[PDB]
Amino acid sequence: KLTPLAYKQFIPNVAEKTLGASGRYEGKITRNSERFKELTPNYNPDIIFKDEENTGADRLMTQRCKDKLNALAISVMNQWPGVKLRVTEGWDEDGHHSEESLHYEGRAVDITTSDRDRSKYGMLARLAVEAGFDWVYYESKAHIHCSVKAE
Amino acid sequence: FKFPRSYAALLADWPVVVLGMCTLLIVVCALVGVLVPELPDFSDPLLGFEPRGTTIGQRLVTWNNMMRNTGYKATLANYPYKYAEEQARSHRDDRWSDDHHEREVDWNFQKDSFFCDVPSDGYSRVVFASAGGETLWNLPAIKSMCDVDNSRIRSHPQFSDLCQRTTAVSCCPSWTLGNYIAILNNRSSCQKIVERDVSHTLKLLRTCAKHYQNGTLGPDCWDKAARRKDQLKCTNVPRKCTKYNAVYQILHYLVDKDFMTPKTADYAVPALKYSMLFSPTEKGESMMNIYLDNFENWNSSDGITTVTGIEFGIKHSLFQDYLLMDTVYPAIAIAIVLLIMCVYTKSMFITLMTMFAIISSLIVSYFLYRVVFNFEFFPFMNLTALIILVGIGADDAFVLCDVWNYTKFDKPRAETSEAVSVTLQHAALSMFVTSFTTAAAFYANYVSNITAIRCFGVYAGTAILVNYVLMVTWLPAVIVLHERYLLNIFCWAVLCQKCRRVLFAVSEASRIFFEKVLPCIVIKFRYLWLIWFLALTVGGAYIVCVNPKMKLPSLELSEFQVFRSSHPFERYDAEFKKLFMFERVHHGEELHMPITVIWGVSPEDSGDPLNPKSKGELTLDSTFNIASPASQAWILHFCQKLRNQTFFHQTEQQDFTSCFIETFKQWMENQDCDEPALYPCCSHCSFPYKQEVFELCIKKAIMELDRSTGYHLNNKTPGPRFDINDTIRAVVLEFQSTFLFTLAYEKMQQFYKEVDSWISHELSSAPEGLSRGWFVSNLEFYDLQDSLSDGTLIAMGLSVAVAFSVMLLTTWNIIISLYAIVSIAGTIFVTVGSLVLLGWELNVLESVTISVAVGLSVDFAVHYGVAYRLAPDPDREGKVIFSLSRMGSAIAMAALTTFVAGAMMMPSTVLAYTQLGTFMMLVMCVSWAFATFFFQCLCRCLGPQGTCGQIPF
Ligand SMILES: CCCCCCCCCCC(CCCCCCCCCC)(CO[C@@H]1O[C@H](CO)[C@@H](O[C@H]2O[C@H](CO)[C@@H](O)[C@H](O)[C@H]2O)[C@H](O)[C@H]1O)CO[C@@H]1O[C@H](CO)[C@@H](O[C@H]2O[C@H](CO)[C@@H](O)[C@H](O)[C@H]2O)[C@H](O)[C@H]1O
Ligand SMILES: CCCCCCCCCCC(CCCCCCCCCC)(CO[C@@H]1O[C@H](CO)[C@@H](O[C@H]2O[C@H](CO)[C@@H](O)[C@H](O)[C@H]2O)[C@H](O)[C@H]1O)CO[C@@H]1O[C@H](CO)[C@@H](O[C@H]2O[C@H](CO)[C@@H](O)[C@H](O)[C@H]2O)[C@H](O)[C@H]1O
Ligand SMILES: CC(C)CCC[C@@H](C)[C@H]1CC[C@H]2[C@@H]3CC=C4C[C@@H](OC(=O)CCC(=O)O)CC[C@]4(C)[C@H]3CC[C@]12C
Ligand SMILES: CC(C)CCC[C@@H](C)[C@H]1CC[C@H]2[C@@H]3CC=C4C[C@@H](OC(=O)CCC(=O)O)CC[C@]4(C)[C@H]3CC[C@]12C
Ligand SMILES: CC(C)CCC[C@@H](C)[C@H]1CC[C@H]2[C@@H]3CC=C4C[C@@H](OC(=O)CCC(=O)O)CC[C@]4(C)[C@H]3CC[C@]12C
Ligand SMILES: CC(C)CCC[C@@H](C)[C@H]1CC[C@H]2[C@@H]3CC=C4C[C@@H](OC(=O)CCC(=O)O)CC[C@]4(C)[C@H]3CC[C@]12C
Ligand SMILES: CC(C)CCC[C@@H](C)[C@H]1CC[C@H]2[C@@H]3CC=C4C[C@@H](OC(=O)CCC(=O)O)CC[C@]4(C)[C@H]3CC[C@]12C
Ligand SMILES: CC(C)CCC[C@@H](C)[C@H]1CC[C@H]2[C@@H]3CC=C4C[C@@H](OC(=O)CCC(=O)O)CC[C@]4(C)[C@H]3CC[C@]12C
Ligand SMILES: CC(C)CCC[C@@H](C)[C@H]1CC[C@H]2[C@@H]3CC=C4C[C@@H](OC(=O)CCC(=O)O)CC[C@]4(C)[C@H]3CC[C@]12C
Ligand SMILES: CC(C)CCC[C@@H](C)[C@H]1CC[C@H]2[C@@H]3CC=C4C[C@@H](OC(=O)CCC(=O)O)CC[C@]4(C)[C@H]3CC[C@]12C
Ligand SMILES: CC(C)CCC[C@@H](C)[C@H]1CC[C@H]2[C@@H]3CC=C4C[C@@H](OC(=O)CCC(=O)O)CC[C@]4(C)[C@H]3CC[C@]12C
Ligand SMILES: CC(C)CCC[C@@H](C)[C@H]1CC[C@H]2[C@@H]3CC=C4C[C@@H](OC(=O)CCC(=O)O)CC[C@]4(C)[C@H]3CC[C@]12C
Ligand SMILES: CC(C)CCC[C@@H](C)[C@H]1CC[C@H]2[C@@H]3CC=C4C[C@@H](OC(=O)CCC(=O)O)CC[C@]4(C)[C@H]3CC[C@]12C
Ligand SMILES: CC(C)CCC[C@@H](C)[C@H]1CC[C@H]2[C@@H]3CC=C4C[C@@H](OC(=O)CCC(=O)O)CC[C@]4(C)[C@H]3CC[C@]12C
Ligand SMILES: CCCCCC(=O)OC[C@@H](COP(=O)(O)OCCN)OC(=O)CCCCC
Ligand SMILES: *[C@@H]1O[C@H](CO)[C@@H](O)[C@H](O)[C@H]1NC(C)=O
Ligand SMILES: *[C@@H]1O[C@H](CO)[C@@H](O)[C@H](O)[C@H]1NC(C)=O
Ligand SMILES: *[C@@H]1O[C@H](CO)[C@@H](O)[C@H](O)[C@H]1NC(C)=O
Ligand SMILES: [Ca+2]
Ligand SMILES: [Ca+2]
Ligand code: NA
Ligand code: NA
């Protein structure tokens, strides 16, 4: 009964930094910053990480992002038996996204299915908004982008 | 070489050298003072309102240093993150390394029959009252609240960027009674509701409020009811009451607590006295433009309703602006003190040069304070020293000018060196004592534990002493230059017809008062004065020592007032925050005191106690050990003994955080081993585990919690604390007490003494790895209250000791000194008893003014007391007439200038300015009357004669 998203749709149909979406960007977090203490590494066995960095940076996220991503992991495995949630970006130290991004403060995640079956991605973005992410965007054919409010 | 023979000859022969050297030193202090230090910051007014170096304060500083340093790759962590990283890498190597095979429209409630969220304390809000005193529950008042929000907030150019949204086309609706009426009867908006909708909504409120009062209604069941098409059954309450959570939200947020009393208003429509509106904009510095543009200069009413309270989160953000704007009132006080002094001195030169010295004393003290004494912090209440110095700085110039005029009259043939020498012999000590008594009363506040009180004492004490040095260097040189040159260098047509005649009339009218009228009234009615000022002394002593008393602060620190009580921001925190259910809950009506016990960290402050930004660094205890079998045994026994005490709240719901060693023992006893992967952690291990088995299995158990359960450990959670190498460096235990949170001093003292004494006694039994543990709780406000009481008693006792000891050295007579302290005691009881009747409490600035009352009160009694013993008359009546005539005018002028400077602070917005102005008026009235009538009546009746009571050298 749930409806998949369209190719460029975002569900709070307003810009990500709006108060009714993921709210204001606070500032870039780096390993020497005191706000780095507030990132948490996710170790949930229901999730696959593709950290191309090999630094583990994709596991690093804020507590609200960790809460929502674990609810999504349960939701994906419940929707399709034998399919896991996959992450290709968590917090990003590469700078590979934008001049301003919620990946730079650990409040955003770029995601796929375990199986990389692009036909499920519109339904994965639907499962994201049911799992309770504060903004969700079908950003590209390669991934869904999800983000959260600051704690 | 022709250097002058003496200091009196230096001032007489080379006064321009003295003014040159003073001016050079003053501009050097001014330049270095603005160039070298970082300037004062007033963006937080409550900065430094903290005890430092107290037992509770050092444990609260330590607990905050632990919370700042707990997290991923920090000094301390809740999780063994190196073990978690290695465990994840072990799974990657086992599987992932093969298994990852490769690489605007207004809101319409008929279309959108919902609010974007529930109301909360995070949103900007205003409180409305009726303009005509009516109930707010009427259609014109409901529409007035919507009209004010639309006109004052939503209209603002920045609101479109600040507002919450679901969609780019429109902002979310405001939470307001008219919008709840517009969902309950399905109108487009508040602007289209009708009297039947208001009446139907009131009938629903009257019907359903009994379930809100009985706790059966709640915020929950509409969520499931919105999902279901047919009916709701998540509650035993009537379905009409839950229709959008509307009745719960109206009662819990939008109406005052007395709108739907359990004694129900069945007889007539209830008196809704206050209502709240919430705007869909978050509180904070983003609200500054909306306030300053649309609310600041507004008169807060449309004639149907009035905005009585505002909570935009900007109270402290406006404080620095108003603090600096109100410096115009001290500037007007400077102008009036110049006017008084110019008429008194008959010289604009002596007057302007005196005021230059007063302002220079504050500049030179700022240089000494930041550059020589190296204070890194300047409290906002240091700006109040300007008002003090303007009022009291003048009070030596009047004395030195009188003594100069007496010296010129007594010895007309004298050399300028003789006139200076004789003037300084007669003036310089009396001027010092009145100054030093008041500096010492400010410096006595340096014994306070509270950083801002210590800082204000040093700054204000230093300005008073720097001003005295200028009154005996700069001012004598100015007086000599006036005599030498400007007694030649004197609308013009009327100056003799008006100005000079009026000055002569004022002179001789005043002089006849202080020579003839005032001595007559003091002496003729002396029995009336003795009875009256004794009866006032007993009345003031009863008001401060018996019933009522001065109370300790009653609001919690974050609610501290910083503006006049009429300001909407203050009316919010002190009047409306207690009247709405969502705010009452937030102050903690049901809250138990936590008993937190820490091991492995040292309870100490290694920061600078005079800098509020320097809280030092976290000190781990190297002698700590939890993993020893003796430590494991004793810490289990400690939890079980603490739970047998009358101070412990034994709830039925177990909390598996509270004593982590018990939860870990229970987890170990679950390990039903049938594989080697569990081997050390098996349930057959007896409880005092071998140290390596403890240190391993506690990591396995903590990560099993994190993987198994949707529950998270944060910097406040009880448990072990791991370092960067996953070794346990601290342990936190926490229990709930039977004691509740309260702002009452003796109840919070009872909790602290009962719990800290039991924990300290029990810790003396501990094995060596656990003997240095310490207890902490929500005690910051109790440590502030404790420090305010202690610091006031010590600073005031030190001030009274200085006041009596200088009295004896000023007048070498025990009887005069004793009548002076009896007059000063009466002055203080009447001054402080009046502040109690005005409703003052012993908060930060009020505490300081109590010791400063002592140092000020000395002034007029020492002046009349040295004039009594200077008197040539053999009889005590002649000695009193001499005292009153010779000092009456200068004392009256010193008092008047200080009263005038206080009166000018009354129009101020800032609370510290108005309170200090109230104090300056009141202490001058009481001090002047107790010196001029009561002390002089004691001298007239039984003042010493000949050598009686004289103290030998
Ligand atoms: C070392 C001393 C450190 C002292 C501590 C720190 C001082 C911080 C000062 C801050 C401060 C007050 C100045 C007070 C002067 C008295 C100081 C006494 C000190 C004695 C030791 C600087 O005020 C500034 O003063 C400048 C002149 O001095 C003035 O310059 C201008 O004129 C130049 C000449 O013609 C010219 O050349 C230049 O081009 C001009 O721009 C600035 O425009 C002005 O903003 C800020 O407040 C300003 O003034 C008012 C305040 O209540 C306040 O009034 C508002 O409300 C009233 C009531 O509701 C209402 O009636 C008023 O209508 C309304 O406007 C203003 O809104 C506010 O902005
Ligand atoms: C730094 C520690 C922090 C701990 C934080 C715990 C967070 C909560 C999860 C604790 C937990 C799972 C974790 C298990 C791993 C723990 C490893 C810890 C290792 C380090 C210490 C413990 O589950 C464990 O289960 C064991 C097996 O059943 C049991 O052992 C026994 O077995 C053997 C004889 O049969 C023998 O061997 C052993 O002796 C026995 O006792 C333990 O006693 C028990 O603690 C599940 O407990 C449940 O938690 C619920 C709320 O999540 C809580 O819900 C209620 O309260 C809520 C408000 O609180 C409220 O909202 C809910 O409405 C309300 O319903 C339940 O009431 C509670 O039951
Ligand atoms: C204003 C601040 C920043 C700098 C102050 C430094 C100088 C400008 C001062 C220090 C000592 C002063 C001098 C002290 C003594 C004298 C002798 C005095 O000689 C007289 O016989 C009086 C002559 C007269 O004016 O009638 C003339 C002024 C003069 C040079 C003074 C002028 C001003 C001086 C150089
Ligand atoms: C609303 C506010 C801004 C009005 C402020 C007005 C004051 C500046 C006026 C009102 C009455 C005046 C006073 C009237 C009489 C005298 C006595 C006068 O005494 C002498 O000249 C010395 C007499 C002696 O030799 O003993 C000194 C100034 C003083 C206090 C005047 C100073 C200026 C005062 C306080
Ligand atoms: C209130 C304080 C901060 C003002 C200080 C201002 C300064 C720049 C000094 C430098 C030279 C001083 C002036 C030197 C000479 C005179 C002439 C003097 O003329 C008279 O008619 C004196 C009458 C008398 O007092 O007996 C009046 C004061 C005045 C302007 C002085 C006032 C204070 C001045 C302007
Ligand atoms: C003249 C006597 C009474 C005081 C002698 C010491 C002064 C040189 C100090 C004390 C307070 C200081 C002021 C405190 C605050 C400000 C506000 C500041 O403007 C602000 O808006 C920024 C304040 C901030 O940093 O947040 C400009 C400098 C000023 C007037 C400071 C300039 C230097 C002052 C006057
Ligand atoms: C911050 C520091 C630099 C302040 C220094 C202050 C002193 C330079 C002043 C303060 C009061 C002055 C005294 C005030 C009164 C008198 C009495 C006066 O007459 C007598 O002593 C008469 C008998 C005699 O000459 O021996 C001589 C100057 C003297 C000692 C003054 C000398 C200089 C003193 C000590
Ligand atoms: C009212 C108290 C609590 C305030 C403290 C100050 C009082 C001690 C002052 C204020 C007004 C004064 C009164 C104002 C006027 C007069 C007229 C005066 O009339 C005379 O016949 C004597 C005048 C003279 O000697 O020429 C007698 C004193 C009296 C009652 C004064 C007594 C002293 C009073 C009560
Ligand atoms: C507020 C506390 C610190 C006061 C504690 C001491 C007082 C109770 C003592 C100190 C001085 C005493 C006074 C000293 C002088 C006099 C004048 C005396 O006058 C007469 O005897 C008038 C007739 C005459 O001239 O003989 C009457 C008692 C009285 C008020 C005394 C009453 C008791 C006093 C107030
Ligand atoms: C000695 C003469 C010259 C002057 C009078 C000095 C003291 C008797 C008075 C003046 C102000 C008083 C203080 C004003 C306020 C308080 C707060 C008060 O706080 C409490 O805890 C009261 C009880 C409670 O709140 O539960 C304790 C006493 C104390 C320090 C008072 C103690 C007695 C003081 C120092
Ligand atoms: C002559 C000297 C010793 C006294 C100075 C003149 C008097 C006229 C002053 C001194 C103290 C003042 C009083 C100090 C405190 C108050 C309490 C104030 O508030 C209350 O009565 C209501 C609040 C409360 O009682 O809790 C009303 C003014 C009043 C009586 C003041 C009226 C004017 C008084 C009597
Ligand atoms: C509580 C503190 C702030 C009191 C401060 C001192 C005042 C009580 C002094 C300051 C100036 C004094 C005034 C200065 C001049 C006069 C004129 C004087 O006139 C006469 O006696 C006329 C004589 C004649 O010429 O015939 C009457 C008292 C009065 C108002 C004085 C009354 C007492 C005043 C107001
Ligand atoms: C202020 C309190 C808390 C401590 C002090 C208590 C006593 C030591 C005081 C209270 C009243 C005082 C007395 C008040 C009045 C007088 C009259 C006075 O009589 C004389 O004969 C003066 C000289 C003369 O005229 O010949 C001598 C001092 C004496 C006994 C005083 C001495 C000190 C006394 C007993
Ligand atoms: C009780 C102790 C702890 C007090 C110590 C401090 C002061 C209060 C002492 C130190 C010296 C004492 C004085 C030493 C000598 C005398 C002279 C003595 O005789 C006279 O005044 C009469 C002389 C005459 O015959 O005219 C009366 C007590 C008095 C003033 C003493 C009063 C109390 C004083 C000031
Ligand atoms: C009757 C004097 C009583 C003074 C009591 C008092 O508060 O003293 C505080 C000190 C400052 O002490 P600090 O520890 O901050 O000094 C650090 C100096 N490097 O500052 C002073 O002692 C200033 C004295 C000189 C003033 C001109
Ligand atoms: C009010 O709500 C009802 C459904 O309860 C709907 O039929 C009606 O059209 C709404 N009113 C208006 C004016 O649209
Ligand atoms: C505020 O100003 C308005 C418009 O002049 C007026 O209707 C209202 O009565 C005023 N209220 C107050 C309290 O000044
Ligand atoms: C403990 O951690 C620190 C880094 O915080 C590291 O320098 C040290 O080498 C570690 N201890 C051991 C025994 O390696
Ligand atoms: Ca990555
Ligand atoms: Ca990356
Ligand atoms: Na004064
Ligand atoms: Na004094």
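Counting starts at 1 for both ligands and their atoms, following the listed order. Side chains included, hydrogens not; waters and symmetry mates left out as well; all remaining heavy atoms used. Here is how names work: the chains are called A, B, and so on, in the same order as the sequence lines, proteins then strands, and each is numbered from 1.
For atom 10 (C) of ligand 16, the protein comes within 4.0 Å by at least one heavy atom. Within a 4.0 Å radius of atom 2 (O) of ligand 16, the protein has at least one heavy atom. Not a single protein heavy atom sits closer than 4.0 Å to atom 5 (O) of ligand 16.
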| request: Kindly determine whether B:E104 and B:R154 satisfy salt bridge (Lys or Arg N to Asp or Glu O under 4.0 Å), including the steps that lead there. | output: CA-CA 11 Å; B:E104 299 192 41; B:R154 304 178 82 83; over 6 Å; no
| said: One pair to check against disulfide bond (SG atoms under 2.5 Å apart): B:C172 and B:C163. What are the steps and the verdict? | reply: CA-CA 7 Å; B:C172 290; B:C163 79; over 6 Å; no
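Near B:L938, meaning under 4.0 Å from one of its heavy atoms, ligand 9 places the atoms 13 (C), 14 (C), 15 (C). Taking every heavy atom of B:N186 and a limit of under 4.0 angstrom, the matching atoms of ligand 16 come to 1 (C), 2 (O), 3 (C), 8 (C), 10 (C), 11 (N).
Ring-centre distance between B:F114 and B:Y244: not below the 6.0 Å cut-off. Between B:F934 and B:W529, the gap from one ring centroid to the other reaches at least 6.0 Å. Side-chain rings of B:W928 and B:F899 stay apart, their centers remaining 6.0 Å or farther from each other. Taking the centre of each ring, B:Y212 and B:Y248 come in below the 6.0 Å mark.
The shell of residues lying under 4.0 angstrom from ligand 9, judged by heavy atoms, excludes B:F829.
Side-chain atoms of B:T792 and B:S847 include a donor-acceptor pair closer than 3.5 Å. Side-chain atoms of B:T897 and B:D395 form a donor-acceptor pair, as typed in the model, at a separation below 3.5 Å.
When heavy-atom distances to ligand 14 are checked against 4.0 Å, the residues falling inside are B:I814, B:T947, B:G949, B:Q950, B:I951, B:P952, ordered by chain and number.
When non-hydrogen atoms are compared, ligand 9 lies under 4.0 Å from neither the backbone nor the side chain of B:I821.
Among protein heavy atoms, the minimum distance from atom 13 (C) of ligand 16 is reached at B:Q110 NE2, 3.4 Å.
With hydrogens and angles disregarded, a donor-acceptor distance shorter than 3.5 Å links the side chain of B:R526 to the backbone of B:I523.
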